[PDB]
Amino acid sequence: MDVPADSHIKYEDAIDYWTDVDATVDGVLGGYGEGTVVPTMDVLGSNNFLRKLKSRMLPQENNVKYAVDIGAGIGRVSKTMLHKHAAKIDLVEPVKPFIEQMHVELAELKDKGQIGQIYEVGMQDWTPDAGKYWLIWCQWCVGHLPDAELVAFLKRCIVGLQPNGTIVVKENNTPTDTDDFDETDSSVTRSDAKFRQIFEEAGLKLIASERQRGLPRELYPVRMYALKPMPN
């Protein structure tokens, strides 16, 4: 058998790649920007997913809906989707020109004080404050961590959840039970089976798994996973 796909990940190669990508919707969506159906479909599907999960996301212990946008790029998901649902938003993104553009993209939200902290770091080195988040939203980025590191990240995320907080992963899937390494951006595309293994090892239970509909046929499937900590 081949060495594991995730053994080829090199963080420095990923950051070198993304640092030279245009700080635009086309850049962060790998060419599938506003001239395509993808941004529109993405927001529709994410909004529908969160709407159907409302009964699973009632805040507890006097909390409000503080979210974090992980691997946020230029802030597209916060600008176009998360701000409707969340009381306040933090963002985690390692790439410097993306952070710089994020300040422009999120200007209107900043005027309302809706942006808390922007953490210029890779998710592997980031820790959420304990108990802070109603929602930890991880979209189109977790392939940059190998499996073990992703388990570790998700374990830190659990401690970062409010009571009844939720983790969402919105990510590509391979069509078979074999993961694919992409040398261009130094990341892996995982199977659904691999994601389920990782979620179990992190101590999470799936409460929803939904396919993002309406995307161009040539793309890998995209899935939305909603996750809760396993009860003690």
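Counting begins at 1, following the sequence as shown.
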Mean CA temperature factor from the deposited coordinates, higher in 107 to 115 or in 129 to 137? 107 to 115
Could you check which stretch, 176 to 184 or 201 to 209, carries the larger mean CA temperature factor in the entry? 176 to 184
For the CA B factor values reported in this entry, which option in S78, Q162, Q101, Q124 has the top one? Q101
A14: CA B-factor among chain residues, third -> middle
Split the chain's modelled residues into thirds by Cα B-factor; is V21 in the lowest, middle or highest one? highest
Within-chain third of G71 by Cα B-factor, per the entry: lowest
Test of reading the entry: by CA B factor among the chain's modelled residues, which third contains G143? lowest
Chain-relative C-alpha B factor for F195 (record values, thirds): the lowest
